[PDB]
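If you're matching them up, the sequences are chains D and R in order. Numbering-wise, the working numbering puts 776 at position 193 of the first sequence, and it's gapless, one number per residue. Numbering-wise, the working numbering puts 867 at position 425 of the second sequence, and it's gapless, one number per residue. Cβ atoms here follow ideal geometry from the backbone N, Cα and C, with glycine treated the same way.
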Amino acid sequence: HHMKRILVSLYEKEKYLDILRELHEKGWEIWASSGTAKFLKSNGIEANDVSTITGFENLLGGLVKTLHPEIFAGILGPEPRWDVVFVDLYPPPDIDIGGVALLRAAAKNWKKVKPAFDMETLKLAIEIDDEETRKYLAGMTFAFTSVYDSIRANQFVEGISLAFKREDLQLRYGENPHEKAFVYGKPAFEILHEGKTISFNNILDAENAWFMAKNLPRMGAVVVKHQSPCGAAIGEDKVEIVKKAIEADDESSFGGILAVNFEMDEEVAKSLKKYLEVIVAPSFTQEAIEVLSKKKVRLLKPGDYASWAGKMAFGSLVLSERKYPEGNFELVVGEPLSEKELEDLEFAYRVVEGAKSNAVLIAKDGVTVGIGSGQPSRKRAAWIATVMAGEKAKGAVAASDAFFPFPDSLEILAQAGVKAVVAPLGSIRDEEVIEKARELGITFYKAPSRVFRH
Amino acid sequence: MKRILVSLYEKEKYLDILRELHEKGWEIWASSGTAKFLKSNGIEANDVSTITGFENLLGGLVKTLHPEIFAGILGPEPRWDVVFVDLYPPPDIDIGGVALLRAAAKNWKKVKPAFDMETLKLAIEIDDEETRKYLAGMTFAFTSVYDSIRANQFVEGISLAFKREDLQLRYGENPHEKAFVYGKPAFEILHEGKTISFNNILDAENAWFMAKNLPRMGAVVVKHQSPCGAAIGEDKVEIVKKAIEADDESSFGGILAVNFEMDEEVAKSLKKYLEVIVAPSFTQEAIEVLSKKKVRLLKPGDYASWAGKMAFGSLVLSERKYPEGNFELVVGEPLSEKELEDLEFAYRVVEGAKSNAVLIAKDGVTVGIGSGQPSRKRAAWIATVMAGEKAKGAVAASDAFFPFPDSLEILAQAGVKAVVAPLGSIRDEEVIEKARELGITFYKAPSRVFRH
Ligand SMILES: [K+]
Ligand SMILES: [K+]
C-alpha cells in the first residue's frame, strides 16, 4: 500500500486493542514489532513485522531492535514507509530510548509523517492532513518529550528540571485586556457553573482564597478581593460564618471571591445577598450548583496540589514554598489570653499569612474586623487596620505578618484598644518593642516564623 | 577504562580538551565527521563505522542510529566509559545524538554522559555514584530544554521548560520555606558579602520594569514589590533625592531603580539605607563608593517580563505590557505639555502599583500612593491622606476605571486638577459628569493596568 500506513510501538496492548481493530477495518495497514504483529494476528487483526525490513540482531535480548537505520530512514526520508507513527511508552520510572526517538523522528518529518503518543493525538493523526495541524502534532510531540525528560531528570536529582505543556482554558486575555495569557499544566480544579467561563484574575484570587480557607482550624470562610483577604470568619454555623466573612468588610465584598472549607449546599447558597464573582469549595450539592450558576457566580472545586509563592523575574521563574509555619506561639509579655482568645489569635495569624505584605490584621470572636495590607511600612499597615476596625478593635487581638521594627505600630494598636498581639521577633529593637508592650499593658505572643506573602 | 565516544558539532571548541585526553591515554571513538576532523589535527581517533554495517541512506542522516552503537552504550559491559555529544544548534533537530546521550544517561552506573565542557570535565574525572547520578540528571534536564525549544518552533508558547539555577538563596519568601530558581537570570550582582534574597529579586523586578521605560530620566523606589516613590527630571542627583524623599518614611530599606548610569556623584549623594540598587550600568567609582555599604547592586540584561504565578499546580502567566495608545481628553481644559508629562509619568507608575491603586503626582514626583486596596475608594482615600497639601494642583492616575463618582470626588476635594484612568464602568456617564461638575480634567487611558 502507498497510503494509510501506520507504524505502532506499544507497551499497553490491551488499552488500544479496540482502536487498532477499527483502524485496520478502515483500511489502515499496520506495522509493528515481531511480537505485537503476532498478538494482533492472534486477536484476528492483520499486521506487518518491522523485523522483516531491517537486519536481524539479538543484542541484549532485544533492547535495541528499534534502533536500526532502515526503520529511522523509513520515517525521516521524503518518501516514508509510514504516514502515522504512534508510540505508547512505559510510565515512569522507565526510561525509553527507541520509542522516544521514533516519535521525535516523525515530528521532525512532520510534512510527510504524523506522530501520535496518546488517544487524542492518534485520532487527529488518523483524520487530518493539513499543514497547520501537522505542525501542531509536531509541536505536541516535542512538548510531550520535553516533559517526559524533565520527569526522568528529577528521578536522578530532585528539582533539577521544570517543564509544562500549555493548557487551553479559553482565557480571553491575561491580567488586562491588552495582554495575552498562557496557562501551563492542567490545573487541579473542576469548573462547575454552566459554560465554565473563568478569567486569569479569577484563578489567582481563588488560589489565595482557597489556600487560606483550607488553612483554617475549623469551619470557615474567606472573602478575597484583588488577591488579598478582605474578610474571614470561623465558627460552627455555615450560613452565619459566610454572612460574617462577607459583611466583615461589607463595602469590599461585592464581586469578591469566597472560599469555604465545607460543602456548599442549597441553604448556604440561597442565603447569599451579595453578588460574588467566584465561589470555591471542596464540594457543592447539585441544588447549590443550580442556584449559583443561574446567578452568574463562577464555581471552582479544587483537588489536591502544592501551592507556591513567586513569579517570573529577569526571565527566570523564581519560586518559594508557601507554608503556614509550624510551631507553638510563645507568650513574651503580659497576662496570658484565655483559650477562646488564643484561638482568635491563631485565626488572626492564619489570615494575616494570606494578606499582602506588609499586613496587620485585627480580629475578635472568630471574625476579622480590620485589615491593613499591601503597605510599604508596618506602621501604615497598622494604621489602616485600626481605621477599618474602628470601635471593633476594643478588646480585640491583632496579628502582624512580620516583626514590628519600631514601637510606634504597637502604640497605634494599643491606642485603638487592642489587648493582645502576635508577631515574629527578629528586630534590633525587639527589647524596645517588648518594653513598649509592657508599658501599654498589651499582651505579646511571638510567632514561630514570618509570613510575608507578596 | 579510559574509552570515550565523541560526536561533535562545535568541533574547534573541544579540540584542546580532546588532545589532553588522548595525551592522557584515552582511547577516542567518534562519529565519522568528528573522526576525520580529529585526524586532520593530529589526534588518533577510531571511526565507529568500523563496528557497524556501512550504509549511506539519505546521504548520512542515519549513520548513528545503528544497534551495535546503542548496544555498546546500554549493555552491562559497555564499549565506552564516557559518551560526549554536542548537538547542532537551533533550528536543527537532532535525532541520533540526543538518543546516544539519553542512552548513556540511562546506563549511568556503567557509562557517564556529557554534553558540554562542564559535564565533560566531571565525566572524565569522577566515578562515584552520587556524581554519576548528577550527570544523568543534568543530561535529561538538557534534553528536556532542547525539546522545549523545538516544540516552540512549531507552535509558539506550547512548551515551557527550565533547568534549576543556583543563586545561593538561603530560603524563599520566609525562613521556613525553600526556594527554587529556574533558568539563568538576566542580571549581574556586584557586591562582596551578602547575596540577593528571593524577596529582593522580586522587588528589583518591579522597580526595574517601572524605571526602564519612564518618559525621561527617572528613579523608582520599591518596598514590598510596589512603588513607594518615583520621580522624573533633568538632574540625576535631584531625581534620586526626590524619589527617595517622596515617601521618606517607607524608602528605608527600599529598592531603588534608575534608568541611567549610576555614577560617583549620585552614589555619594545617597544617605538613605537601601537593600538593592538597580541600574543599566555602574561606573567603577560608583561601585567603589557603594561597596562601603551593604546594598546589593543589580545590573539587568535584556528579557521579557510576565505577570502571574503558580495556581492550583499550573503556572498561570500573562504578558506584562504598559498599554500603547495616546490618552484622550474626555472633559475639562487641556493640560500643558509639562502637566501631560506628569500625567504619563503617573500612569506608568500606577501600572506597577498593586491593585486597586491610585496615585497623585506633581512637578515630576509622586506625592501620594494608595495601593493594594480591596476598593477604589480606599485607594483614593489613602493617596489623598498621604499627599495632604501637595495634592493641590496635582494630577492623579487610577489603574482601573472609577466605578462610582465617589472616588473622583475624594481626589477633587483634595485639590487634584486632572486624572487619567480607563473607562468601562456601567457608571462612566456619572463619573464623567462628576468630573465636569467638579471642574476636574479627565483623560481616558487606552487600557487597564491592574498589577497584583
Ligand atoms: K502575609
Ligand atoms: K497597577
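Hey, how far is the Cα of residue i from the Cα of residue j?
i	j	result
residue 657/D	residue 721/D	17 Å
residue 494/R	residue 510/R	6 Å
residue 635/R	residue 688/R	30 Å
residue 741/R	residue 700/R	11 Å
residue 750/D	residue 840/D	23 Å
residue 624/R	residue 747/D	13 Å
residue 816/R	residue 747/R	25 Å
residue 715/D	residue 596/R	9 Å
residue 782/D	residue 866/D	21 Å
residue 980/D	residue 913/D	15 Å
residue 927/D	residue 610/R	38 Å
residue 753/R	residue 771/D	9 Å
residue 755/D	residue 696/D	33 Å
residue 888/R	residue 658/R	21 Å
residue 823/D	residue 854/D	9 Å
residue 893/R	residue 790/R	12 Å
residue 532/R	residue 797/D	46 Å
residue 974/D	residue 946/D	12 Å
residue 842/R	residue 848/D	35 Å
residue 796/R	residue 940/D	11 Å
residue 530/R	residue 450/R	8 Å
residue 664/D	residue 588/D	7 Å
residue 1051/D	residue 497/R	The requested residue 1051/D is not part of the displayed model; chain D covers only 584 to 1037.
residue 924/D	residue 978/D	10 Å
Could you name the residues of chain D that residue i contacts, counting a contact when the two beta carbons are closer than 9 Å?
i	result
residue 847/R	Ordered by position in chain D, no residue passes the 9 Å Cβ test against residue 847/R, which lies about 15 Å from the chain.
residue 798/R	808 and 809
residue 495/R	638 and 652
What in chain D is Cβ-close to residue i, meaning under 7 Å?
i	result
residue 712/R	The premise fails here: residue 712/R is roughly 18 Å from chain D at the closest Cβ pair, so nothing lies under 7 Å.
residue 585/R	732
What in chain R is Cβ-close to residue i, meaning under 7 Å?
i	result
residue 1034/D	616
residue 722/D	593, 596, 597 and 600
From which residue to which residue does the beta strand (DSSP E) around residue i run?
i	result
residue 585/R	First-last for residue 585/R: 571 to 596, but that is the alpha helix (DSSP H), not the beta strand (DSSP E).
residue 1007/D	Per DSSP, residue 1007/D belongs to no beta strand (DSSP E) and is neither H nor E.
residue 983/D	980 to 983
residue 780/D	Per DSSP, residue 780/D belongs to no beta strand (DSSP E) and is neither H nor E.
residue 895/D	891 to 896
residue 496/R	Per DSSP, residue 496/R belongs to no beta strand (DSSP E) and is neither H nor E.
residue 662/D	Unbroken run through residue 662/D: none, as it is neither H nor E.
residue 588/D	588 to 593
residue 805/D	803 to 808
Below 9 Å on C-beta distance, what does residue i contact in chain R?
i	result
residue 719/D	596, 597 and 600
residue 790/D	751, 752, 753, 754 and 758
residue 749/D	597, 599, 600, 601 and 602
In chain D, which residues lie less than 8 Å from residue i when you measure between Cβ atoms?
i	result
residue 745/R	897 and 898
residue 640/R	893, 901 and 903
residue 571/R	By Cβ distance, chain D contributes nothing, its closest Cβ being about 11 Å from residue 571/R, past 8 Å.
residue 769/R	Ordered by position in chain D, no residue passes the 8 Å Cβ test against residue 769/R, which lies about 15 Å from the chain.
residue 537/R	655, 659, 684, 687, 688 and 691
residue 560/R	Those do not exist, as residue 560/R stays about 14 Å from chain D at its closest Cβ, beyond 8 Å.
residue 500/R	656, 659 and 660
residue 742/R	897
At what residues does the alpha helix (DSSP H) containing residue i begin and finish?
i	result
residue 794/R	779 to 794
residue 962/D	961 to 972
residue 793/D	783 to 797
residue 556/R	Not the alpha helix (DSSP H): residue 556/R falls in the beta strand (DSSP E), residues 554 to 556.
residue 604/R	Careful: residue 604/R lies outside any alpha helix (DSSP H), inside the beta strand (DSSP E) at 601 to 607.
residue 688/R	678 to 688
Whole-angstrom Cβ separation of residue i and residue j, contact assumed at under 8 Å?
i	j	result
residue 805/D	residue 815/D	5 Å
residue 538/R	residue 888/D	Between residue 888/D and residue 538/R the Cβ distance is about 39 Å, and since that is not below 8 Å, they are no contact.
residue 565/R	residue 524/R	5 Å
residue 593/R	residue 726/D	4 Å
What residues of chain R sit near residue i, judged by a beta carbon separation below 8 Å?
i	result
residue 767/D	602, 756, 757, 758 and 759
residue 753/D	Near residue 753/D there are no residues of chain R at all, since even the closest Cβ is about 13 Å away, more than 8 Å.
residue 956/D	814
residue 763/D	760 and 761
Item checked: Contact set, ligand 2 heavy atom to C-beta under 7 Å -> Shown in chain order are the residues whose CB sits closer than 7 Å to a heavy atom of ligand 2: 792/R, 793/R, 794/R, 795/R, 796/R, 797/R, 799/R, 841/R, 891/R, 892/R and 893/R.
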